[PDB]
$ cat my_file22.cif   # mmCIF, C-alpha atoms
data_model
loop_
_atom_site.group_PDB
_atom_site.id
_atom_site.type_symbol
_atom_site.label_atom_id
_atom_site.label_comp_id
_atom_site.auth_asym_id
_atom_site.auth_seq_id
_atom_site.Cartn_x
_atom_site.Cartn_y
_atom_site.Cartn_z
ATOM 1 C CA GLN A 170 120.654 113.436 86.888
ATOM 2 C CA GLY A 171 117.077 112.188 86.388
ATOM 3 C CA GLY A 172 114.545 111.256 83.682
ATOM 4 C CA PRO A 173 113.091 107.783 84.287
ATOM 5 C CA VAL A 174 110.709 107.577 87.268
ATOM 6 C CA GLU A 175 110.186 104.507 89.477
ATOM 7 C CA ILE A 176 108.345 104.232 92.811
ATOM 8 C CA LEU A 177 109.280 101.041 94.695
ATOM 9 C CA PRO A 178 109.487 97.705 92.855
ATOM 10 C CA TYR A 179 105.701 97.769 92.263
ATOM 11 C CA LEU A 180 105.053 101.211 90.730
ATOM 12 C CA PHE A 181 106.995 102.199 87.588
ATOM 13 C CA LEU A 182 106.794 105.351 85.432
ATOM 14 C CA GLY A 183 108.481 106.629 82.249
ATOM 15 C CA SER A 184 108.845 110.059 80.604
ATOM 16 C CA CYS A 185 111.096 110.272 77.524
ATOM 17 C CA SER A 186 112.588 107.626 75.197
ATOM 18 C CA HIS A 187 113.475 105.778 78.426
ATOM 19 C CA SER A 188 109.830 104.618 78.463
ATOM 20 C CA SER A 189 110.741 102.159 75.671
ATOM 21 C CA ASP A 190 113.364 99.909 77.294
ATOM 22 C CA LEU A 191 111.492 100.381 80.590
ATOM 23 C CA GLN A 192 107.905 99.732 79.439
ATOM 24 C CA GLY A 193 109.325 96.851 77.366
ATOM 25 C CA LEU A 194 111.375 95.212 80.147
ATOM 26 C CA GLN A 195 108.401 95.408 82.531
ATOM 27 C CA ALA A 196 106.000 94.508 79.693
ATOM 28 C CA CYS A 197 107.477 90.984 79.677
ATOM 29 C CA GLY A 198 106.340 90.638 83.302
ATOM 30 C CA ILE A 199 103.805 93.467 83.717
ATOM 31 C CA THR A 200 100.206 93.359 85.025
ATOM 32 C CA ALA A 201 98.494 96.773 84.864
ATOM 33 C CA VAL A 202 99.491 99.049 81.953
ATOM 34 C CA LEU A 203 98.542 102.724 82.414
ATOM 35 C CA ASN A 204 98.217 103.566 78.702
ATOM 36 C CA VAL A 205 97.964 107.370 78.969
ATOM 37 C CA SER A 206 96.200 107.828 75.606
ATOM 38 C CA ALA A 207 92.413 108.353 75.551
ATOM 39 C CA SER A 208 89.121 106.373 75.480
ATOM 40 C CA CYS A 209 88.472 107.721 79.001
ATOM 41 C CA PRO A 210 88.970 105.417 81.998
ATOM 42 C CA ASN A 211 88.920 102.170 79.981
ATOM 43 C CA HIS A 212 89.610 98.772 81.592
ATOM 44 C CA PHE A 213 90.972 96.522 78.818
ATOM 45 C CA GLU A 214 93.404 93.599 79.224
ATOM 46 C CA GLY A 215 95.453 92.680 76.136
ATOM 47 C CA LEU A 216 97.933 90.975 78.495
ATOM 48 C CA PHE A 217 96.407 91.503 81.969
ATOM 49 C CA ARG A 218 94.927 94.880 82.958
ATOM 50 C CA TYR A 219 95.135 97.728 80.427
ATOM 51 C CA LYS A 220 94.159 101.047 82.036
ATOM 52 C CA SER A 221 93.354 104.001 79.747
ATOM 53 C CA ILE A 222 93.411 107.605 81.018
ATOM 54 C CA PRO A 223 91.734 110.312 78.924
ATOM 55 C CA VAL A 224 94.495 112.689 77.779
ATOM 56 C CA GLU A 225 94.077 116.163 76.246
ATOM 57 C CA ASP A 226 95.885 118.300 73.642
ATOM 58 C CA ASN A 227 96.727 121.741 75.074
ATOM 59 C CA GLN A 228 99.771 123.155 76.916
ATOM 60 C CA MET A 229 100.446 120.001 78.986
ATOM 61 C CA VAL A 230 97.030 118.379 79.564
ATOM 62 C CA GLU A 231 95.771 119.464 83.007
ATOM 63 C CA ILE A 232 96.296 116.526 85.390
ATOM 64 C CA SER A 233 93.846 117.818 88.030
ATOM 65 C CA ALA A 234 91.274 115.281 86.764
ATOM 66 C CA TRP A 235 93.436 112.161 87.255
ATOM 67 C CA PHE A 236 93.712 112.593 91.041
ATOM 68 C CA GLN A 237 91.088 110.024 92.089
ATOM 69 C CA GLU A 238 91.765 108.065 88.885
ATOM 70 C CA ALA A 239 95.528 107.786 89.459
ATOM 71 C CA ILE A 240 95.317 106.607 93.088
ATOM 72 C CA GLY A 241 92.286 104.441 92.214
ATOM 73 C CA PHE A 242 93.992 102.743 89.285
ATOM 74 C CA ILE A 243 97.489 102.506 90.799
ATOM 75 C CA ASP A 244 96.169 101.437 94.229
ATOM 76 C CA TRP A 245 93.705 98.965 92.675
ATOM 77 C CA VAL A 246 96.691 97.304 90.957
ATOM 78 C CA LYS A 247 98.964 97.150 94.030
ATOM 79 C CA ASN A 248 96.079 95.712 96.083
ATOM 80 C CA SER A 249 95.258 93.014 93.498
ATOM 81 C CA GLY A 250 96.935 93.579 90.108
ATOM 82 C CA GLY A 251 100.663 93.577 90.950
ATOM 83 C CA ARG A 252 102.775 96.019 88.908
ATOM 84 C CA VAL A 253 101.480 99.274 87.384
ATOM 85 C CA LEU A 254 103.507 101.203 84.776
ATOM 86 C CA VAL A 255 102.406 104.692 83.667
ATOM 87 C CA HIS A 256 103.462 105.547 80.104
ATOM 88 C CA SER A 257 104.103 109.050 78.717
ATOM 89 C CA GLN A 258 102.937 110.892 75.575
ATOM 90 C CA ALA A 259 104.958 114.130 75.336
ATOM 91 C CA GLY A 260 108.375 113.671 77.006
ATOM 92 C CA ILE A 261 106.802 115.244 80.118
ATOM 93 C CA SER A 262 106.531 114.146 83.772
ATOM 94 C CA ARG A 263 102.721 113.877 83.502
ATOM 95 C CA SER A 264 102.968 110.140 84.243
ATOM 96 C CA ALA A 265 105.190 110.799 87.278
ATOM 97 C CA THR A 266 102.489 113.225 88.441
ATOM 98 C CA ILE A 267 99.862 110.450 88.480
ATOM 99 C CA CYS A 268 102.056 108.206 90.654
ATOM 100 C CA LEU A 269 102.622 111.323 92.782
ATOM 101 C CA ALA A 270 98.917 111.330 93.701
ATOM 102 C CA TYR A 271 99.172 107.643 94.657
ATOM 103 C CA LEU A 272 102.098 108.308 97.025
ATOM 104 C CA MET A 273 100.062 111.260 98.347
ATOM 105 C CA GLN A 274 96.647 109.701 99.063
ATOM 106 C CA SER A 275 98.279 106.318 99.775
ATOM 107 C CA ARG A 276 101.588 107.275 101.435
ATOM 108 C CA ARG A 277 100.284 110.617 102.774
ATOM 109 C CA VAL A 278 103.473 112.527 101.877
ATOM 110 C CA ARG A 279 101.999 115.467 99.892
ATOM 111 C CA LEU A 280 103.656 116.626 96.653
ATOM 112 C CA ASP A 281 106.557 117.789 98.856
ATOM 113 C CA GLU A 282 107.891 114.452 100.153
ATOM 114 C CA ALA A 283 106.179 112.507 97.345
ATOM 115 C CA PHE A 284 107.906 114.423 94.526
ATOM 116 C CA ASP A 285 111.156 114.300 96.532
ATOM 117 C CA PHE A 286 110.870 110.494 96.784
ATOM 118 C CA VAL A 287 109.680 109.532 93.279
ATOM 119 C CA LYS A 288 112.895 111.193 92.042
ATOM 120 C CA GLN A 289 115.480 113.925 92.716
ATOM 121 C CA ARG A 290 115.118 117.705 92.276
ATOM 122 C CA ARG A 291 115.690 119.344 88.861
ATOM 123 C CA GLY A 292 112.436 118.881 86.908
ATOM 124 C CA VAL A 293 109.674 121.495 87.300
ATOM 125 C CA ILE A 294 106.630 121.447 84.986
ATOM 126 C CA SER A 295 104.845 124.664 83.932
ATOM 127 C CA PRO A 296 105.813 128.011 85.482
ATOM 128 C CA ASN A 297 106.803 126.935 89.014
ATOM 129 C CA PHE A 298 110.556 127.462 89.496
ATOM 130 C CA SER A 299 111.952 128.816 92.792
ATOM 131 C CA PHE A 300 108.516 128.797 94.471
ATOM 132 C CA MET A 301 107.048 126.989 97.502
ATOM 133 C CA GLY A 302 103.366 128.003 97.349
ATOM 134 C CA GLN A 303 101.812 124.876 95.794
ATOM 135 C CA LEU A 304 101.417 122.556 98.806
ATOM 136 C CA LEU A 305 98.119 122.599 100.731
ATOM 137 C CA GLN A 306 96.337 122.750 97.355
ATOM 138 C CA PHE A 307 97.349 119.280 96.133
ATOM 139 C CA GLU A 308 97.238 118.058 99.748
ATOM 140 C CA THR A 309 93.536 118.762 100.390
ATOM 141 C CA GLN A 310 92.958 117.829 96.719
ATOM 142 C CA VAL A 311 94.372 114.275 96.715
ATOM 143 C CA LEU A 312 94.335 113.499 100.465
ATOM 144 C CA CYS A 313 91.381 115.322 102.071
ATOM 145 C CA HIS A 314 89.353 115.049 98.842
#
$ encode --input "my_file22.cif" --output "structure tokens"
Amino acid sequence: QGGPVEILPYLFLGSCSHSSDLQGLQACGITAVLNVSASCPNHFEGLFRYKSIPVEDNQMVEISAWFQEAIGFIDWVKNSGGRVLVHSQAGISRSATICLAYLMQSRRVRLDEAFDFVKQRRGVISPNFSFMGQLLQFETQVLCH
């Protein structure tokens, strides 16, 4: 029971085909669009604020470089923009991971309570099933740093 990701009525995230009806419904009344494609951190605005995150092409694109970018783009929209929607590009939870950083550096809940809030269990990326070691790493990475 999961798939689509949505944090509060201001932050929205997709993942699989659900990103179509979702990104479209919000598109009608959207403000900041996190186009996870390329062109590095680009700040366009076809309709309001188009954000572009540099994606990669290997395994699942390491998301350790979008920590400050995610919380800087998502927070910059909630503090002035309005609604930020992160799109996907491989039926993966990469987009939900970006919003995770926001809830971490902004809500201070670490990937533990943050991942548990953005959605329910069932949904582990990369080799990380039945394991509780990854915790202080992302914490000091998105919060402390």
$ resolve_selection --input "my_file22.cif" --expression "the PyMOL selection byres ((chain A and resi 279) around 9)" --output "compact mmCIF listing (two decimals) with C-alpha atoms, in the coordinates of the input"
# COMPACT_ATOMS: atom_id res chain seq x y z
CA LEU A 269 102.62 111.32 92.78
CA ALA A 270 98.92 111.33 93.70
CA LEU A 272 102.10 108.31 97.02
CA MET A 273 100.06 111.26 98.35
CA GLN A 274 96.65 109.70 99.06
CA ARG A 276 101.59 107.28 101.44
CA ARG A 277 100.28 110.62 102.77
CA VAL A 278 103.47 112.53 101.88
CA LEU A 280 103.66 116.63 96.65
CA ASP A 281 106.56 117.79 98.86
CA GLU A 282 107.89 114.45 100.15
CA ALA A 283 106.18 112.51 97.34
CA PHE A 284 107.91 114.42 94.53
CA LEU A 304 101.42 122.56 98.81
CA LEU A 305 98.12 122.60 100.73
CA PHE A 307 97.35 119.28 96.13
CA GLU A 308 97.24 118.06 99.75
CA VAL A 311 94.37 114.28 96.72
CA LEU A 312 94.34 113.50 100.46
$ closest_residue --input "my_file22.cif" --among "A:261, A:209, A:229, A:234" --to "residue 187 of chain A" --atoms "only C-alpha atoms"
A:261
$ atom_distance --input "my_file22.cif" --atom1 "atom CA of residue 175 of chain A" --atom2 "atom CA of residue 268 of chain A"
9.0 Å
$ atom_distance --input "my_file22.cif" --atom1 "atom CA of residue 200 of chain A" --atom2 "atom CA of residue 172 of chain A"
23.0 Å
$ atom_distance --input "my_file22.cif" --atom1 "atom CA of residue 314 of chain A" --atom2 "atom CA of residue 239 of chain A"
13.4 Å
$ residues_around --input "my_file22.cif" --residues "residue 198 of chain A" --least-positions-apart "3" --cutoff "9 Å" --atoms "only C-alpha atoms" --output "ChimeraX atom specification"
/A:194-195,252
$ resolve_selection --input "my_file22.cif" --expression "the PyMOL selection byres ((chain A and resi 212) around 10)" --output "ChimeraX atom specification"
/A:201-203,208-211,213-214,217-222,242
$ axis_aligned_box --input "my_file22.cif" --around "segment 273-287 of chain A" --padding-each-side "3 Å" --output "AutoDock Vina command-line options"
--center_x 103.9 --center_y 112.1 --center_z 98.0 --size_x 20.5 --size_y 17.5 --size_z 15.5
$ closest_residue --input "my_file22.cif" --among "A:313, A:216, A:205, A:174" --to "residue 258 of chain A" --atoms "only C-alpha atoms"
A:205
$ closest_residue --input "my_file22.cif" --among "A:267, A:259, A:207, A:182" --to "residue 235 of chain A" --atoms "all atoms listed in the file"
A:267
$ resolve_selection --input "my_file22.cif" --expression "the PyMOL selection byres ((chain A and resi 293) around 12)" --output "VMD selection string"
chain A and resid 171 to 172 261 to 263 265 to 266 284 to 285 288 to 292 294 to 301
$ build_atoms --input "my_file22.cif" --residues "segment 300-314 of chain A" --atoms "N, CA and C atoms" --output "PDB file, keeping the file's coordinate frame"
ATOM      1  N   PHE A 300     109.794 128.391  93.821  1.00  0.00           N
ATOM      2  CA  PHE A 300     108.516 128.797  94.471  1.00  0.00           C
ATOM      3  C   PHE A 300     108.010 127.683  95.389  1.00  0.00           C
ATOM      4  N   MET A 301     107.556 128.028  96.563  1.00  0.00           N
ATOM      5  CA  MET A 301     107.048 126.989  97.502  1.00  0.00           C
ATOM      6  C   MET A 301     105.615 127.314  97.929  1.00  0.00           C
ATOM      7  N   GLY A 302     104.775 127.672  96.996  1.00  0.00           N
ATOM      8  CA  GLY A 302     103.366 128.003  97.349  1.00  0.00           C
ATOM      9  C   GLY A 302     102.486 126.767  97.150  1.00  0.00           C
ATOM     10  N   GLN A 303     102.642 126.087  96.047  1.00  0.00           N
ATOM     11  CA  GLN A 303     101.812 124.876  95.794  1.00  0.00           C
ATOM     12  C   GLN A 303     102.101 123.800  96.843  1.00  0.00           C
ATOM     13  N   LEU A 304     101.196 123.593  97.760  1.00  0.00           N
ATOM     14  CA  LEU A 304     101.417 122.556  98.806  1.00  0.00           C
ATOM     15  C   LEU A 304     100.079 122.111  99.399  1.00  0.00           C
ATOM     16  N   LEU A 305      99.431 122.971 100.134  1.00  0.00           N
ATOM     17  CA  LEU A 305      98.119 122.599 100.731  1.00  0.00           C
ATOM     18  C   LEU A 305      97.082 122.375  99.628  1.00  0.00           C
ATOM     19  N   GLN A 306      97.305 122.938  98.471  1.00  0.00           N
ATOM     20  CA  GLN A 306      96.337 122.750  97.355  1.00  0.00           C
ATOM     21  C   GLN A 306      96.263 121.272  96.975  1.00  0.00           C
ATOM     22  N   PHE A 307      97.346 120.719  96.505  1.00  0.00           N
ATOM     23  CA  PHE A 307      97.349 119.280  96.133  1.00  0.00           C
ATOM     24  C   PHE A 307      97.049 118.424  97.363  1.00  0.00           C
ATOM     25  N   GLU A 308      97.505 118.844  98.512  1.00  0.00           N
ATOM     26  CA  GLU A 308      97.238 118.058  99.748  1.00  0.00           C
ATOM     27  C   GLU A 308      95.732 117.853  99.930  1.00  0.00           C
ATOM     28  N   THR A 309      95.008 118.902 100.203  1.00  0.00           N
ATOM     29  CA  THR A 309      93.536 118.762 100.390  1.00  0.00           C
ATOM     30  C   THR A 309      92.868 118.261  99.104  1.00  0.00           C
ATOM     31  N   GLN A 310      93.566 118.294  97.999  1.00  0.00           N
ATOM     32  CA  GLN A 310      92.958 117.829  96.719  1.00  0.00           C
ATOM     33  C   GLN A 310      93.058 116.307  96.585  1.00  0.00           C
ATOM     34  N   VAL A 311      94.202 115.750  96.869  1.00  0.00           N
ATOM     35  CA  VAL A 311      94.372 114.275  96.715  1.00  0.00           C
ATOM     36  C   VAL A 311      94.176 113.550  98.052  1.00  0.00           C
ATOM     37  N   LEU A 312      94.517 114.173  99.147  1.00  0.00           N
ATOM     38  CA  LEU A 312      94.335 113.499 100.465  1.00  0.00           C
ATOM     39  C   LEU A 312      92.939 113.786 101.021  1.00  0.00           C
ATOM     40  N   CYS A 313      92.718 114.979 101.507  1.00  0.00           N
ATOM     41  CA  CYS A 313      91.381 115.322 102.071  1.00  0.00           C
ATOM     42  C   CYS A 313      90.270 114.959 101.082  1.00  0.00           C
ATOM     43  N   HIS A 314      90.401 115.370  99.851  1.00  0.00           N
ATOM     44  CA  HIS A 314      89.353 115.049  98.842  1.00  0.00           C
ATOM     45  C   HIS A 314      89.813 113.900  97.942  1.00  0.00           C
TER      46      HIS A 314
END
